[PDB]
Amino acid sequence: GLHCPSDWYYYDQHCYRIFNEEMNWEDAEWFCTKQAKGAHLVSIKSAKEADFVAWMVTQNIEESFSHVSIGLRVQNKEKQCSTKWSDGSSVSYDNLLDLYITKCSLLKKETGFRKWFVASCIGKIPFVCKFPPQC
């Protein structure tokens, strides 16, 4: 409990914690923000920190959840991000279904929480929070 609140883990220079509560991406990111100054959904900025986050999630996720939101999201305002068609003409009209718009991201139990997967921003899943404690 030295640099992080109770139930948070301390790794390199940040506190982390998986919340086992089901939320969509932006509700999750807003919830993270309310936990502490500078908090956000996790960001994962090297192989060592991917390692630490996967372990932490392995050890604290509730057995019946298997997807965890992380903090990567598409910025583009268009439905999908090809601005050109293969004939060179431009994508100025676009009828891609909401269901297939996958602008958020997640980790999966079935892969040891280790690679990053594109996902619908409207799914309701557990998520990991990250923030830098002060000294």
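The numbering used is simple: start at 1 and walk along the sequence shown.
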| request: Report the stretch with the higher mean CA temperature factor, choosing between 57-65 and 70-78 on the basis of the entry. | output: 57-65
| query | Which listed residue, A39, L99, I44, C104, has the largest C-alpha temperature factor in the record? | reply | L99
| message | Lowest, middle or highest third: which one holds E26 when the chain's residues are ordered by CA B-factor from the entry? | response | middle
| field | Position of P132 among the chain's modelled residues by C-alpha B-factor, lowest, middle or highest third | value | lowest
| request: Please place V118 in the lowest, middle or highest third of its chain by C-alpha B factor as given in the entry. | output: middle
| task | Looking at the entry's B-factor column for C-alpha atoms only, identify whether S92 ranks in the lowest, middle or highest third of its chain. | result | highest
| What third of the chain, by the recorded C-alpha B-factor, contains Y16? | middle
